[PDB]
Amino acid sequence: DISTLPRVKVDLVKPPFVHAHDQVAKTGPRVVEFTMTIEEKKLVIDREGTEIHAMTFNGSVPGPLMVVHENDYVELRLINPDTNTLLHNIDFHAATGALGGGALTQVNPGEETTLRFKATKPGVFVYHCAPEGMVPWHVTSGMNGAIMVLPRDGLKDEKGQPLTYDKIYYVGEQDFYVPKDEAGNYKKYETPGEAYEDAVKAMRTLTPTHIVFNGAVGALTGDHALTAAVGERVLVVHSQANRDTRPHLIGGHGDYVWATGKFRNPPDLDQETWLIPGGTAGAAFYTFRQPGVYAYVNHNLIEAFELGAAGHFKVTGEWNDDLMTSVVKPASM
């Protein structure tokens, strides 16, 4: 009887940050209540001022990461304000039935709905918008996120022993297909509907114009770099709703990687690079052993450094000359 389970409301936070949660469940199964508000908005995605009509869950690209435990119930209130112009819905890869929920959550502008599903499988999963006839357009306009379903006793290593993270970050990787004029300049549009016909032609080339973390070129660099300290254990959740990616931490590794994101499987160890298929979320665990700046990239290095799929870690602490040292600094022969 769901009527007799405890309920908790959770307010979501903007990526790359993640709302507070317990790794090991302290209570029994609960109904976890979330609310998301759909927002269609103009987004500037590169340093040149390229502007797109993004379609977002809660105003961010990606949508926020939701965290629950196995066999909790997720209750999502989904609001489509009448200032929006399009029909939207939501499809949880974590859920069983009704096209992930998409058949039960179609909301026109000015409508809302509340969906509930049981989180029967532990792992990280994608959620995305999926309205009939327009699925790729909404997803590649930024309307995707992820949900993490933790095992009730937390994460384990390949030998069944507990793994505990100190920090968790969520990196949503987005491929964008911005229509171009005949000379190669990106087009601007007044409304989302105006862009549709050009957007379809652009999608059909299968060649993204931009591939970004957290909605924009450089969004996770500079003052917005991810931070950690030597000795800290960091979980990085990475999702790609449409296109394969291959994350790599430059100067580090994935000590424990669930590349396809499902926690009943044992992790891969010591990865340099791992493949997250389009339509999947993965998770990688690393313990920092050296301070300094790290780059986190899609290791198709064109996609990373030309199209935008690169971010930074800033890590503090003491340098370890046992692991690495410059014996002879660069000098003339």
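Residue positions are given as counts along the sequence shown, with the first one as 1. We call the rigid core the largest set of C-alpha positions that still match within 1.5 Å between the two forms.
- Each structure in 7 other deposited structures of this protein is fitted to the shown form on the rigid core, and of 170-178 and 95-103 the C-alphas lie farther away on average for 95-103.
- For the pair 222-230 and 182-190, greater average C-alpha departure from the shown form in 7 other deposited structures of this protein after core alignment is found in 182-190.
- In this entry, the higher average B-factor at the C-alpha atoms falls on 46-54, of the pair 46-54 and 260-268.
- Across the two stretches, 235-243 and 101-109, the PDB entry reports the greater mean Cα temperature factor for 101-109.
- Across the options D255, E173, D91, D198, the residue with the most elevated CA B-factor in the record is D198.
- Per the deposited record, the Cα B-factor of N300 falls in the lowest third when ranked against the other modelled residues of its chain.
- Per the PDB record, residue ranking by Cα B-factor puts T273 in the lowest third of the chain.
- In this PDB entry, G184 carries a Cα temperature factor that places it within the highest third of its chain's modelled residues.
- Sorting the modelled residues of the chain by their CA temperature factor places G222 in the highest third.
- Among the modelled residues of its chain, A20 has a C-alpha B-factor that falls in the middle third, as given in the PDB entry.
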